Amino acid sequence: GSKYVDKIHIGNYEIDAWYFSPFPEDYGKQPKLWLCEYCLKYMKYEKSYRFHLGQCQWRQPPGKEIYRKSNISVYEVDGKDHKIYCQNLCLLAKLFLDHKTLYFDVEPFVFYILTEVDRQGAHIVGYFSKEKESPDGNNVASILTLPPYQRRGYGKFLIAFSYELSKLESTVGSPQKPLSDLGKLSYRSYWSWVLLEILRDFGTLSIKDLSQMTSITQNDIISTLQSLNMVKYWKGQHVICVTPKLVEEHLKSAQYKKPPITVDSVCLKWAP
């Protein structure tokens, strides 16, 4: 019986762990792990953390700042160019994801770090990772908002951002399964809101059209429309069955209302 990491201190926050994460044994044995909020170095003792805070020069994530809108910034970090950082980030994320798979061999991934910026620097709020090439068309590998930031719109921002990447690449995608319970709700909310706003405005459109407009897969569009009861089935084909008033009725609900923070595509500066 060797103790696991059960508590971290990061920035001004203390956060209890939700799941096993494979930090080295000597690190799990300690009462609390201490993480630099910028370089994500993990440390055993308050004294080595205090020393690091006074020495570390990083005040943002590494990689490229590919989105900036007011005090929200997203940083793109290649797992091959910044392997230790990405390894730390994965260890941190495994404390709050049950089924996240890889931690150490991060070269196949790009990581998108969501930050909230103030005078002291750019503070990590959440992330998603993404396979550089995905056979099964997963535009998200793992995705996480850190607990003290959850249920405030940051998770839907991440989801939206991942689809804006997909729209840029002219592809559709879907997050890797399994999702967390919070993950399923956040995706169902985002999918529903995106589709309802399109159907509210819009010439008529097919399932394949909505897929082309949103980068949401047809299967994810279909299952969203079924849960909203806005699709008919006619001899093996799903057909959109939109009553223009029930669309409005759905948009006044809390589960499918607009997310408070939205990705302004103009502020996204990206390319292959």
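All residue numbers are counted from 1 along the displayed sequence.
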| query | finding |
| --- | --- |
| Interresidue gap class [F202, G203; deposited sequence, unmodelled] | 1 to 3 |
| Higher-scoring stretch by recorded Cα B factor average, 67-75 or 193-201 | 193-201 |
| Mean C-alpha B-factor comparison - 9-17 and 250-258, higher one | 250-258 |
| Top residue by Cα temperature factor, when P135, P148, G173, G126 are compared in the entry | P135 |
| Candidate residues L40, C56, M43, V239, the one whose C-alpha B factor the record puts highest | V239 |
| Cα B factor band for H99 (lowest, middle or highest third within the chain) | highest |
| Within-chain third of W234 by Cα B-factor, per the entry | highest |
| Ranked C-alpha temperature factor of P62 among modelled chain residues, by third | middle |
| Ranked against its chain, the third holding the CA B-factor of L210 | highest |
| Chain third (lowest, middle, highest) by recorded CA B-factor, residue given as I113 | lowest |
